[PDB]
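# Understanding the architecture of this molecule
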Amino acid sequence: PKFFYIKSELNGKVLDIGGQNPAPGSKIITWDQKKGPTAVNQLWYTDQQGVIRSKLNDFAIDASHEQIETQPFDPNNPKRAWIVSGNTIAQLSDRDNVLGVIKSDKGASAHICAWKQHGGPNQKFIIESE
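The deposited coordinates, according to the entry record, derive from X-ray crystallography at 1.80 Å resolution.

Shown next, in the form of structure tokens:
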């Protein structure tokens with residue numbers, strides 16, 4: 001159906017499932033926006049409820065661990081329900097908890113984590129159609 005990219009207002013890169021790993025527990029980083037078929041690990045859709053899912057495996061965004069990663073959607077796990085609200089990717093059950101990009105300290109790709117809204121561009125995103 002309808003897919004889209006999630007672009008960071010911090011580095012202009014997009015949410016990307018690292019190494020195109022289809023396995024659950026895979027970390028989500030920001031990476032240069034890719035075009036064509038290969039962009040599958042950078043494409044997402046929203047289910048009926050508006051909850052974000054990956055086009056690669058229909059997995060949801062999960063913030064149970066230190067950095068966000070993919071996990072099969074579970075309606076009973078509050079940390080796996082993320083929606084689009086303006087320029088923020090917010091937790092469905094706690095709109096005060098939103099995603100943010102955190103650049104690497106070792107020269108690697110930036111990762112993502114969830115914490116209190118602080119108004120910086122690191123917690124702002126732009127939805128871009130496929």
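Inspection of the entire model under this criterion finds one aromatic pair. When the centroid spacing of 5.9 Å and the interplanar angle of 85 degrees are considered together, the rings of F3 and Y45 count as edge-to-face. With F3 in the segment before strand 1 (4-8) and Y45 in strand 4 (residues 44-46), this pair connects stretches of sequence that are 42 residues apart. We note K55 situated over the ring of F3; from NZ or CZ to the ring centre the distance is 4.4 Å.

A few words on the nonpolar core. In terms of nonpolar packing, the biggest core is built from 17 residues, with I6, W44, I61 and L99 touching the most fellow members. If you list the elements that add at least two residues to this core, you get strand 1, strand 2 (14-17) and strand 10 (94-102). Residues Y5, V14, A39 and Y45 belong to the second largest nonpolar core, which totals six residues.

Summed over the entire model, instances satisfying the criterion amount to five salt bridges. A salt bridge links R80 to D62; the nearest nitrogen and oxygen atoms lie 2.9 Å apart. Of the two residues, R80 is situated in the loop between strand 7 (69-71) and strand 8 (82-85) and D62 in strand 6 (residues 60-62); the sequence distance between them amounts to 18 residues. Residue classification places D62 among the buried residues on the basis of a relative accessible area of 1%.

Structurally, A39 can be placed in the loop between strand 3 (28-31) and strand 4. By relative accessible area, which is 0% here, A39 ends up buried. Those residues in contact with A39, other than ones at most four positions away along the chain, are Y5 and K34.

What follows covers the side chain of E69. Structurally, the position occupied by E69 is in strand 7. Within the structure, the side chain of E69 is placed 3.3 Å from the side chain of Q67, a separation counted as a polar contact. Separated by 3.4 Å, the side chains of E69 and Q71 make a polar contact. Apart from the residues within four sequence positions on either side, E69 is in contact with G25, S26, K27, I28, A60, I61 and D62.

Definitions and cut-offs
Residues numbered from 1 in each chain as written, not as in the entry; some residues may be left out. Heavy atoms only, no water. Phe/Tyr/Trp six-rings, centres within 6.5 Å; stacked < 30°, edge-to-face > 60°. Helix = DSSP H or I, 4+ residues; strand = E, 2+ residues; numbered from the N terminus. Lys NZ or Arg CZ within 6 Å of the ring centre and 35° of its normal. Core = buried A, V, L, I, M, F, W, Y, C linked by side-chain atoms within 4.5 Å. Buried < 20%, exposed > 50% of the residue type's maximum accessible area, 1.4 Å probe, protein only. Salt bridge = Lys/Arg side-chain N within 4 Å of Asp/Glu carboxyl O. Contact = heavy atoms within 4.5 Å. Polar contact = N/O pair within 3.5 Å; in protein donor to acceptor, adjacent residues only side chain to side chain.

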